[PDB]
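Peer 1: What follows is a structure written as structure tokens; I'll ask about it next.
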Number of protein chains: 20
Amino acid sequence: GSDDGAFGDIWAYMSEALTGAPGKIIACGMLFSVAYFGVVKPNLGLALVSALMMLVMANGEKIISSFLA
Amino acid sequence: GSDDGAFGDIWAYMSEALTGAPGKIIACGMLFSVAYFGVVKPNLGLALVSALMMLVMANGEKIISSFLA
Amino acid sequence: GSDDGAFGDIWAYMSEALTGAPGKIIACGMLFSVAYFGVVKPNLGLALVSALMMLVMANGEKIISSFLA
Amino acid sequence: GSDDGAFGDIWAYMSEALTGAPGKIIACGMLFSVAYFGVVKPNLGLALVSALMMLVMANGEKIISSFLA
Amino acid sequence: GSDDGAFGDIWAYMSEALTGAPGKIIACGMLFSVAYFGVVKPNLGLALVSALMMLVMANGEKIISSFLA
Amino acid sequence: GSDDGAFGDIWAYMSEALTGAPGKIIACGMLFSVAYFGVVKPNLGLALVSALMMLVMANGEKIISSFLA
Amino acid sequence: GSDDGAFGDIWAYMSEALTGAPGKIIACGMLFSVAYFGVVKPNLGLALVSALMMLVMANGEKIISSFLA
Amino acid sequence: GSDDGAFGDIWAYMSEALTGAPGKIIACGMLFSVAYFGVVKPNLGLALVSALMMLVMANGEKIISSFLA
Amino acid sequence: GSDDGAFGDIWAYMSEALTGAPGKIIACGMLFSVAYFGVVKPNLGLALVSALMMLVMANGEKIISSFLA
Amino acid sequence: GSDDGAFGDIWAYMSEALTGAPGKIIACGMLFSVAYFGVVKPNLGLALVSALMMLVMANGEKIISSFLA
Amino acid sequence: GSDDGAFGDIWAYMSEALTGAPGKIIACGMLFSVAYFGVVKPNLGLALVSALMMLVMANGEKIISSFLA
Amino acid sequence: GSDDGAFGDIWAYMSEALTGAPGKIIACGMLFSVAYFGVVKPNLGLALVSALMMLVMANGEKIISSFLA
Amino acid sequence: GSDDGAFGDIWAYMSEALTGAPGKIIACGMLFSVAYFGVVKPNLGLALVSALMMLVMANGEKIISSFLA
Amino acid sequence: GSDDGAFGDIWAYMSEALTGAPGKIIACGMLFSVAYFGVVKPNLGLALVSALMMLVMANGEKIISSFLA
Amino acid sequence: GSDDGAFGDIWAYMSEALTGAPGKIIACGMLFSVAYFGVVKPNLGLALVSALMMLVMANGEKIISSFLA
Amino acid sequence: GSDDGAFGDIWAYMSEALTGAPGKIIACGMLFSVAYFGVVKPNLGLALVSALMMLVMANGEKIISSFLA
Amino acid sequence: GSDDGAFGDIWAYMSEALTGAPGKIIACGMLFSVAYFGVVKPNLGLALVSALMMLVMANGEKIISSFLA
Amino acid sequence: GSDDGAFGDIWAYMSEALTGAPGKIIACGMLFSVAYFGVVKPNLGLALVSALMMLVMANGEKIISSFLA
Amino acid sequence: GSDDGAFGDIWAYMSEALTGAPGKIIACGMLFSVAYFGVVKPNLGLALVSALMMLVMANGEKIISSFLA
Amino acid sequence: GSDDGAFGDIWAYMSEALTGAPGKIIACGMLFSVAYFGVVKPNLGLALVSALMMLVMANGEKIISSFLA
Ligand SMILES: CCCCCCCCCCCCCCCC(=O)OC[C@H](COP(=O)(O)OC[C@@H](O)CO)OC(=O)CCCCCCCCCCCCCCC
Ligand SMILES: CCCCCCCCCCCCCCCC(=O)OC[C@H](COP(=O)(O)OC[C@@H](O)CO)OC(=O)CCCCCCCCCCCCCCC
Ligand SMILES: CCCCCCCCCCCCCCCC(=O)OC[C@H](COP(=O)(O)OC[C@@H](O)CO)OC(=O)CCCCCCCCCCCCCCC
Ligand SMILES: CCCCCCCCCCCCCCCC(=O)OC[C@H](COP(=O)(O)OC[C@@H](O)CO)OC(=O)CCCCCCCCCCCCCCC
Ligand SMILES: CCCCCCCCCCCCCCCC(=O)OC[C@H](COP(=O)(O)OC[C@@H](O)CO)OC(=O)CCCCCCCCCCCCCCC
Ligand SMILES: CCCCCCCCCCCCCCCC(=O)OC[C@H](COP(=O)(O)OC[C@@H](O)CO)OC(=O)CCCCCCCCCCCCCCC
Ligand SMILES: CCCCCCCCCCCCCCCC(=O)OC[C@H](COP(=O)(O)OC[C@@H](O)CO)OC(=O)CCCCCCCCCCCCCCC
Ligand SMILES: CCCCCCCCCCCCCCCC(=O)OC[C@H](COP(=O)(O)OC[C@@H](O)CO)OC(=O)CCCCCCCCCCCCCCC
Ligand SMILES: CCCCCCCCCCCCCCCC(=O)OC[C@H](COP(=O)(O)OC[C@@H](O)CO)OC(=O)CCCCCCCCCCCCCCC
Ligand SMILES: CCCCCCCCCCCCCCCC(=O)OC[C@H](COP(=O)(O)OC[C@@H](O)CO)OC(=O)CCCCCCCCCCCCCCC
Ligand SMILES: CCCCCCCCCCCCCCCC(=O)OC[C@H](COP(=O)(O)OC[C@@H](O)CO)OC(=O)CCCCCCCCCCCCCCC
Ligand SMILES: CCCCCCCCCCCCCCCC(=O)OC[C@H](COP(=O)(O)OC[C@@H](O)CO)OC(=O)CCCCCCCCCCCCCCC
Ligand SMILES: CCCCCCCCCCCCCCCC(=O)OC[C@H](COP(=O)(O)OC[C@@H](O)CO)OC(=O)CCCCCCCCCCCCCCC
């Protein structure tokens with residue numbers, strides 16, 4: 001596909017925000033949820049799953065660009 | 001079918017935008033939704049389904065052209 | 001029925017446009033809707049239903065000609 | 001009733017046009033409407049109802065002739 | 001009443017035309033309207049009502065003769 | 001009530017058509033709807049309700065004659 | 001009130017037709033509507049309401065005579 | 001009831017299409033839905049219910065003919 | 001039933017696609033789901049159920065043809 | 001069945017991804033889960049079951065192709 | 001209240017039909033629903049509730065007469 | 001207020017009919033609706049609400065007379 | 001304002017009829033409507049609103065006299 | 001109550017069908033469900049409950065007749 | 001009860017399929033489940049319970065016929 | 001509060017029916033539910049809770065009168 | 001409380017049925033459940049609890065009458 | 001605010017009826033609902049919530065007067 | 001703005017009635033609605049929202065005067 | 001209690017089946033379980049407990065009749 005056009009700026013902002021401030025805010029919310037739900041039932045596997053989801057988010061732009069040429 | 005005509009330009013723009021900037025914006029929205037809904041209930045299967053839907057989108061033009069000759 | 005007459009050209013244009021540029025535009029809109037509504041609730045069954053509807057559209061001329069002789 | 005008279009030609013043209021070019025144009029419009037309204041809410045039952053209405057149209061001449069002798 | 005007189009021929013022509021060519025033309029117009037209005041909102045009940053009205057038309061002469069002796 | 005009169009033929013045709021060709025067409029439409037809506041949500045209770053409604057239709061003439069003497 | 005007079009015959013015909021051929025035709029139309037609208041949404045309560053309305057029609061003459069002495 | 005009349009052809013086409021091409025298309029859609037919904041939650045009971053509904057469809061003509069004489 | 005008609009091509013495409021590319025895609029999705037849900041709770045019985053459902057899909061055309069003659 | 005068609009590319013990508021990068025990611029997640037759940041309750045049988053599931057995944061394409069011709 | 005009047009016959013028919021043929025039909029429908037919904041989830045408590053509702057129906061006339069003098 | 005006047009007879013008839021034949025007919029319709037809607041979803045609370053509404057109807061004359069002196 | 005004059009008698013009759021026979025007839029109609037609409041959807045809140053409206057009607061003369069001196 | 005009337009035939013058919021072909025079909029569906037749900041979790045108590053429900057169905061006519069005189 | 005009627009063929013097919021191919025498929029699924037769940041926890045009592053359930057299935061037709069005359 | 005007024009009779013009937021026939025019917029339904037749900041899972045604590053709820057019902061009038069003066 | 005009224009017959013039937021045929025049926029179901037669940041895990045304490053629950057049922061009328069005066 | 005005026009009587013009646021006969025009727029309905037919904041699922045917490053709501057109702061006049069001076 | 005003028009008296013009356021008798025009547029209606037809708041679904045949050053709305057009403061004059069100088 | 005009524009036949013069948021064929025089947029299942037569980041851990045006390053439970057079953061009718069008069 002083409003990264004430019006009328007919607008090039010919107011796509012660019014979304015791609016940078018995936019690993020930018022909004023993505024970091026979502027990751028921090030994930031860490032907060034993992035810590036909070038571990039008060040009654042301590043489960044560190046959710047931390048591993050959250051780290052995997054951050055890894056997926058960091059590669060979201062590459063995945064989208066590879067699927068949508 | 002015929003790709004040209006009075007509506008040839010509209011169809012061409014839609015076909016390029018399917019894998020272009022609007023399609024990439026929709027894919028980024030999918031990734032954002034997957035990350036956000038994983039804050040409380042981490043589910044990486046939704047990431048696989050989203051990747052499958054991006055794969056479907058990348059082949060949307062071929063599917064439409066094959067069905068509608 | 002008879003394919004010719006005073007309205008033969010209008011019917012011919014409609015039949016070609018069913019699988020032509022307007023039909024392809026409608027199919028692309030279907031794919032866009034499937035991708036967009038899958039952002040919050042990923043549902044790939046709607047993709048199958050859309051493909052079935054494109055298959056119905058590709059056979060619309062034959063169906064109309066068979067019903068209306 | 002009698003198929004001939006001063007209005008025999010008008011009735012003949014209407015009867016042939018029911019399954020002719022105008023009837024086929026209306027059927028194609030039905031298919032276009034079914035495809036278009038299925039973009040947001042895919043509903044293939046409307047396709048079945050449209051096919052039933054084409055079947056009714058194909059038998060319109062027989063029905064009218066049977067009711068009006 | 002009496003079927004003959006100065007207006008016997010006019011009444012005779014009207015009675016035959018009720019189920020004749022003009023009545024059949026009106027019935028065909030009813031079928032065309034049912035098909036056309038079903039493009040956007042498919043409603044096969046209007047077909048049943050139209051068939052009932054053709055049935056009423058086929059019995060119009062008997063009804064008029066029974067009411068007006 | 002009286003089954004004859006100016007409207008005796010219309011009532012007779014309606015009574016025979018209740019269990020005749022139009023009634024059978026409506027019953028077949030009921031079966032088609034039951035089969036179609038069972039694609040996504042299989043529900044065989046609707047088949048029982050449809051059979052009950054066909055049973056009601058088969059007794060419609062008797063019910064109308066008993067209520068309207 | 002008085003059942004006779006200049007309009008005695010019209011009132012008599014209306015009273016007999018309430019439970020006669022026209023009333024039976026209206027009841028058959030009610031049954032047809034109940035069957036038809038039950039194709040997509042099977043609802044047998046409408047059958048009960050229709051039977052109640054036929055019961056009201058069968059007692060229409062008595063009600064009118066009691067209210068209008 | 002009577003299988004013939006003005007609507008004899010429509011009823012005949014509906015009866016053959018119940019077990020014909022449209023009925024087979026609906027059955028194939030049922031199988032596709034059963035396979036698709038079994039991706040996340042494998043449930044082979046829905047296959048049995050679908051087979052029962054195909055069995056009901058195969059006997060739809062007999063049921064309608066028995067109920068509506 | 002009859003495999004041909006106005007909807008013969010749609011039924012043919014559906015029957016081939018049941019064991020064709022779309023059916024294989026659904027089967028691959030089943031395998032992916034079995035593998036993914038086995039990360040936390042390894043259950044190889046779901047693999048057996050998925051294989052049984054693929055076996056059912058491979059025989060879907062025969063089942064539909066036997067039920068709907 | 002046929003490996004080609006409008007959905008040939010999607011099926012091809014799914015088949016390669018079953019033993020490709022996504023399949024390897026799922027297998028690595030299986031190994032991570034086996035290691036993590038063995039911290040408190042060391043169970044090496046889950047490792048054997050995970051290896052069996054990887055063996056099933058490696059043969060998923062052959063199984064799907066054999067079941068769906 | 002008074003059981004007679006212009007609406008005495010309608011009320012009488014309704015009161016007898018509460019425990020008559022229509023009431024028995026509704027009770028049989030209740031039993032059919034209890035049996036059908038017990039295929040997947042056998043629940044005999046619904047049978048007890050249905051029997052209680054039949055008991056309420058059998059006393060409906062007395063309740064209505066006591067409340068409405 | 002005053003119970004007499006030009007509209008004294010109409011008000012008297014309405015007051016007696018509230019607990020008379022029309023009120024009893026409405027109560028019987030309430031019982032029929034409660035029984036019918038309990039076929040699929042047995043709910044005896046609606047019976048209690050209906051009994052409360054009959055109790056309200058039995059006291060309607062007193063309430064109206066107290067509010068409107 | 002002044003209660004007397006050329007229109008003093010009309011205003012007096014209207015004021016007495018607000019809580020007199022016509023007002024009571026309207027209140028009875030309100031109760032009948034509440035009972036009737038509660039057959040299918042039992043809603044006793046409408047009874048409370050109707051009682052409030054009767055309370056408003058009982059104070060209509062005082063309100064009108066206070067606003068219009 | 002009375003077994004005859006306008007709805008006598010419908011009630012008769014329902015009563016015979018309770019223990020007739022439809023009742024036997026529902027019982028066979030119960031047995032099929034008991035066998036199917038016993039594949040993973042063998043529970044023969046559901047067979048006893050199903051037999052009890054068939055016993056209830058066999059006595060449904062007597063129960064309805066006793067409750068509704 | 002009566003084995004014939006409009007639903008005689010459906011009941012006949014269900015009765016033969018109880019001990020026919022679908023019943024044998026369910027029994028084979030039972031044996032597969034018994035073998036599979038015995039990999040980790042060998043329990044041959046489940047085999048006895050499965051054999052008892054096959055014995056119940058073989059007598060399902062007799063039980064249903066005895067309960068529902 | 002005041003026990004009298006336009007709604008004094010309705011409140012009186014409700015207060016007596018709380019410990020009267022309807023309250024006793026609800027208590028008997030509670031006992032029936034306790035007995036029925038104890039067939040599979042015998043739990044006599046529900047009997048104690050039901051007795052406590054009957055005790056609450058017996059004191060409902062006093063509680064309502066104390067709260068609402 | 002009062003044992004009579006509009007709901008006196010319903011309460012009477014419920015009270016007799018508590019220790020009558022339905023109560024005995026529930027007790028027999030309790031004994032059947034005790035015997036069945038004792039096949040794998042023989043527990044005669046459940047028999048004692050069931051006997052206690054039958055004793056509670058036999059005194060249900062007295063308990064309800066004492067609590068609800 | 002001011003308690004008097006054109007609407008002083010309506011407000012006075014509403015304030016007394018909040019803790020008067022209508023308020024007591026609503027409280028009795030609350031108790032009836034608590035008792036009825038406790039037949040299947042005994043929950044005495046709803047009784048506490050209902051008592052709290054009666055306490056709120058008893059203080060409704062004071063709350064309204066304090067908020068609206 | 002200016003509080004005086006031709007419409008000064010109307011505005012003054014509206015401002016006093018906001019917290020006067022009509023405002024108190026509306027607040028009492030709010031409390032009645034909260035109590036009534038809590039019969040089936042007890043929800044004390046609606047009481048808090050109603051109290052907040054009374055607080056808003058008490059400050060309506062100040063808000064309007066501040067916005068409209 | 002009373003052994004007769006609407007549920008007299010169901011209770012009679014249950015009472016005879018307690019010591020009839022179903023009771024004997026349950027007893028045989030008890031003996032089979034005792035024999036099977038004695039393969040690894042021979043325990044003849046379970047045989048004594050099973051015999052005691054058969055003795056309880058043989059007296060179930062007398063116990064139920066004595067408790068429920
Ligand atoms: C150029 C490409 C080929 C055409 C593709 C599209 C064809 C249009 C059908 C899809 C639109 C569906 C959604 C519409 C959205 C919509 O709301 O439409 C509104 C518009 C008005 O229809 P009705 O009068 O049914 O509507 C009443 C209200 O709904 C008004 O909104 O519908 C139509 O005009 C479409 C039906 C025309 C179909 C009949 C055409 C054949 C008749 C003429 C034959 C020639 C006469 C020659 C005389 C010389
Ligand atoms: C030929 C086969 C036998 C007829 C089968 C079908 C009968 C039609 C009933 C089913 C249609 C239901 C769904 C309709 C769908 C629908 O929307 O219909 C619309 C149409 C208009 O009805 P309304 O005026 O109630 O509608 C107002 C709006 O709803 C307009 O849409 O309804 C009718 O005409 C049906 C009622 C006729 C029933 C009364 C017939 C008896 C009166 C005439 C007696 C003879 C007079 C003789 C004078 C000489
Ligand atoms: C191209 C490949 C071959 C097609 C493969 C897939 C076929 C689709 C079935 C699987 C989808 C299941 C999951 C869907 C997910 C889903 O939620 O679907 C929603 C959509 C709407 O169905 P309903 O109206 O039952 O849904 C009501 C609500 O559930 C809306 O969500 O379902 C369908 O359209 C599928 C049924 C079509 C099956 C009937 C088709 C035959 C009728 C047309 C025959 C031709 C008419 C010709 C007229 C000219
Ligand atoms: C790019 C890498 C290759 C893809 C790898 C992953 C494939 C996805 C399967 C694993 C996900 C399993 C766990 C999901 C977690 C999950 O909860 O999923 C939820 C989502 C919704 O499924 P249902 O509608 O069954 O769910 C209803 C509720 O459960 C909603 O949560 O499931 C799917 O969409 C997966 C099934 C798609 C499988 C069918 C795909 C083939 C149909 C489309 C064929 C093409 C149509 C073309 C039209 C033009
Ligand atoms: C950053 C370090 C490298 C990652 C290390 C850890 C990887 C995580 C595995 C260990 C966690 C095990 C204990 C978890 C504790 C736990 O309870 O987890 C719960 C969570 C939800 O899983 P299920 O849906 O099976 O759970 C249903 C219920 O159990 C919910 O609790 O499990 C997972 O998400 C782990 C499986 C992901 C494994 C599949 C990953 C590959 C799919 C995505 C591939 C990319 C898609 C790209 C799309 C663009
Ligand atoms: C032919 C064989 C004998 C019939 C056997 C089956 C009878 C049907 C009962 C079992 C279905 C249960 C599962 C349904 C599945 C289901 O969801 O049904 C939906 C359908 C609609 O019912 P509701 O309006 O309660 O439903 C509202 C929503 O739930 C819509 O889904 O239910 C009924 O129609 C069944 C109740 C009819 C029972 C009353 C019949 C007596 C009234 C008519 C008497 C004659 C009137 C004559 C007028 C002239
Ligand atoms: C004979 C038995 C005793 C009567 C029992 C029933 C009374 C009717 C109330 C229940 C019907 C409710 C459901 C209706 C269904 C319905 O849709 O009705 C429609 C009809 C029209 O009312 P609206 O003009 O409010 O309706 C506008 C649109 O909704 C049209 O549909 O409503 C009325 O006429 C009922 C109100 C009359 C109530 C006022 C009567 C007192 C005024 C006359 C006093 C005497 C004047 C004497 C002048 C000389
Ligand atoms: C072709 C082979 C012979 C059929 C074998 C299998 C029969 C099916 C029973 C086993 C499935 C059990 C596991 C299902 C898994 C499951 O979840 O099913 C879901 C589906 C929906 O049932 P419900 O409405 O009880 O479900 C509500 C929710 O649970 C939805 O999931 O259940 C049925 O349809 C089965 C009951 C049909 C049994 C009644 C059939 C007789 C009624 C029709 C008689 C003819 C009417 C003719 C009208 C013209
Ligand atoms: C290809 C090789 C041959 C197949 C070998 C394996 C067969 C599967 C049995 C072993 C799995 C046992 C462990 C499963 C692990 C497991 O948890 O399974 C879960 C899955 C769902 O079963 P239920 O609905 O009982 O489960 C409810 C919950 O337990 C969900 O987990 O069980 C089945 O689907 C197996 C039963 C199918 C057996 C009936 C098959 C016959 C019905 C279809 C006949 C054809 C219909 C045709 C319609 C056109
Ligand atoms: C004929 C023999 C004597 C009756 C014996 C059995 C009585 C029924 C109680 C046992 C069933 C328990 C297991 C049910 C299984 C079950 O799930 O039931 C479901 C059904 C619905 O109750 P809910 O609305 O609490 O349920 C909401 C959801 O749980 C729906 O499932 O429960 C009832 O109807 C039983 C409560 C009625 C008890 C109150 C009756 C008194 C009110 C009527 C008084 C007369 C009003 C007259 C108006 C004119
Ligand atoms: C005759 C025996 C004494 C009555 C005993 C039973 C009383 C009813 C309470 C128990 C039913 C609970 C389960 C219901 C099951 C149920 O779903 O009910 C549905 C029905 C509708 O209530 P809602 O509007 O809250 O429901 C909205 C949706 O839930 C609709 O389903 O609820 C009521 O009508 C009960 C509340 C009435 C309580 C307020 C009565 C006082 C207001 C009237 C005062 C007199 C006005 C006089 C004006 C002139
Ligand atoms: C008549 C003899 C004197 C009563 C003796 C027995 C008292 C009951 C306590 C023992 C039962 C324990 C085993 C139960 C077995 C059991 O499973 O119970 C289930 C039932 C439901 O409780 P939960 O909501 O905690 O249960 C949630 C799930 O566990 C449902 O099973 O528990 C209760 O209702 C008992 C608690 C009531 C205790 C609070 C009562 C005081 C509140 C009401 C005060 C009056 C309000 C008046 C409003 C107007
Ligand atoms: C009269 C004796 C003193 C009261 C004692 C009991 C107080 C109630 C608390 C215990 C019940 C706990 C178990 C309940 C069982 C239960 O399931 O309750 C259900 C009910 C609904 O609560 P939710 O909306 O959280 O529930 C949503 C779903 O769970 C519905 O079931 O809970 C409440 O209403 C209790 C919370 C009220 C607590 C807040 C009260 C303060 C707000 C009002 C302040 C005044 C407003 C004035 C406006 C003018």
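Residues are referred to by chain and number: the chain letter is A, B, ... according to the order shown in the structure tokens, the number counts from 1 in that chain, and ligands are numbered separately from 1 in the order shown.
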Give me, as a tab-separated table (two decimals) with C-alpha atoms, in the first residue's frame, the contact residues of chain P against chain Q at a cut-off of 6 Å, counting only C-alpha atoms.
Peer 2:
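And here is the file that came out, part.tsv:
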chain	number	residue	atom	x	y	z
P	19	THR	CA	-50.62	-12.89	55.23
P	20	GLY	CA	-53.78	-14.13	53.49
P	21	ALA	CA	-54.39	-16.49	50.60
P	25	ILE	CA	-49.70	-19.48	48.11
P	39	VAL	CA	-33.96	-33.89	45.00
P	55	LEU	CA	-41.56	-14.66	59.29
P	58	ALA	CA	-45.93	-12.07	58.62
Peer 1: What does chain N look like once superposed on chain A, all Cα atoms paired in sequence order, least squares? Give it as an mmCIF file with C-alpha atoms, in the first residue's frame.
Peer 2:
data_model
loop_
_atom_site.group_PDB
_atom_site.id
_atom_site.type_symbol
_atom_site.label_atom_id
_atom_site.label_comp_id
_atom_site.auth_asym_id
_atom_site.auth_seq_id
_atom_site.Cartn_x
_atom_site.Cartn_y
_atom_site.Cartn_z
ATOM 1 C CA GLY N 1 0.000 0.000 0.000
ATOM 2 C CA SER N 2 0.825 3.706 0.061
ATOM 3 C CA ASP N 3 1.718 5.461 3.310
ATOM 4 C CA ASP N 4 0.844 8.894 1.882
ATOM 5 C CA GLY N 5 -2.364 10.535 0.685
ATOM 6 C CA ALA N 6 -5.180 12.444 2.325
ATOM 7 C CA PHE N 7 -4.996 10.128 5.359
ATOM 8 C CA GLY N 8 -1.198 9.951 5.468
ATOM 9 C CA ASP N 9 -0.917 12.249 8.483
ATOM 10 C CA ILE N 10 -3.574 10.381 10.477
ATOM 11 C CA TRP N 11 -1.877 7.047 9.777
ATOM 12 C CA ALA N 12 1.521 8.510 10.656
ATOM 13 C CA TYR N 13 0.244 9.850 13.977
ATOM 14 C CA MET N 14 -1.416 6.520 14.785
ATOM 15 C CA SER N 15 1.756 4.586 13.951
ATOM 16 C CA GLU N 16 3.939 6.793 16.154
ATOM 17 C CA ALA N 17 1.354 6.785 18.959
ATOM 18 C CA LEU N 18 1.265 2.978 18.948
ATOM 19 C CA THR N 19 4.755 3.014 20.492
ATOM 20 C CA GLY N 20 4.509 6.626 21.685
ATOM 21 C CA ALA N 21 2.777 8.272 24.619
ATOM 22 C CA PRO N 22 -0.651 6.556 24.235
ATOM 23 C CA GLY N 23 0.946 3.136 23.804
ATOM 24 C CA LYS N 24 3.102 3.720 26.870
ATOM 25 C CA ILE N 25 0.002 4.824 28.801
ATOM 26 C CA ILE N 26 -1.770 1.596 27.834
ATOM 27 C CA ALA N 27 1.295 -0.421 28.866
ATOM 28 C CA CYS N 28 1.399 1.372 32.226
ATOM 29 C CA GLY N 29 -2.292 0.603 32.665
ATOM 30 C CA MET N 30 -1.478 -3.042 31.961
ATOM 31 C CA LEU N 31 1.210 -3.011 34.655
ATOM 32 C CA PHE N 32 -1.166 -1.309 37.100
ATOM 33 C CA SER N 33 -3.844 -3.928 36.412
ATOM 34 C CA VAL N 34 -1.326 -6.750 36.869
ATOM 35 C CA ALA N 35 -0.204 -5.291 40.203
ATOM 36 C CA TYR N 36 -3.761 -4.626 41.406
ATOM 37 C CA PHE N 37 -5.231 -8.019 40.508
ATOM 38 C CA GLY N 38 -2.241 -9.628 42.231
ATOM 39 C CA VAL N 39 -3.257 -8.265 45.633
ATOM 40 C CA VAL N 40 -5.704 -11.095 46.353
ATOM 41 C CA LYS N 41 -4.471 -13.705 43.834
ATOM 42 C CA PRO N 42 -0.757 -13.179 43.083
ATOM 43 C CA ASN N 43 -0.206 -14.315 39.480
ATOM 44 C CA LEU N 44 3.051 -13.342 37.777
ATOM 45 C CA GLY N 45 2.066 -15.102 34.549
ATOM 46 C CA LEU N 46 -0.134 -12.125 33.715
ATOM 47 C CA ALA N 47 3.048 -10.038 33.838
ATOM 48 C CA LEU N 48 4.582 -12.296 31.179
ATOM 49 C CA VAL N 49 1.458 -12.036 29.020
ATOM 50 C CA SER N 50 1.494 -8.246 29.408
ATOM 51 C CA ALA N 51 5.158 -8.124 28.376
ATOM 52 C CA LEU N 52 4.298 -10.244 25.337
ATOM 53 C CA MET N 53 1.501 -7.820 24.455
ATOM 54 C CA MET N 54 3.900 -4.873 24.727
ATOM 55 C CA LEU N 55 6.232 -6.784 22.403
ATOM 56 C CA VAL N 56 3.330 -7.231 19.977
ATOM 57 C CA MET N 57 2.543 -3.504 20.202
ATOM 58 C CA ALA N 58 6.164 -2.570 19.484
ATOM 59 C CA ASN N 59 5.928 -4.628 16.274
ATOM 60 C CA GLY N 60 2.427 -3.475 15.325
ATOM 61 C CA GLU N 61 3.634 -1.024 12.685
ATOM 62 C CA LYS N 62 5.812 -3.656 11.001
ATOM 63 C CA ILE N 63 2.990 -6.214 11.054
ATOM 64 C CA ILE N 64 0.464 -3.773 9.583
ATOM 65 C CA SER N 65 2.922 -2.636 6.909
ATOM 66 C CA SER N 66 3.759 -6.229 5.950
ATOM 67 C CA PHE N 67 0.124 -7.344 5.742
ATOM 68 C CA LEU N 68 -1.097 -4.162 4.015
ATOM 69 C CA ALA N 69 1.529 -3.415 1.368
#
Peer 1: Tell me, which residues of chain S carry DSSP helix (DSSP H, G or I), written as an NGL selection string?
Peer 2: :S and (8-18 or 21-37 or 45-58 or 60-67)
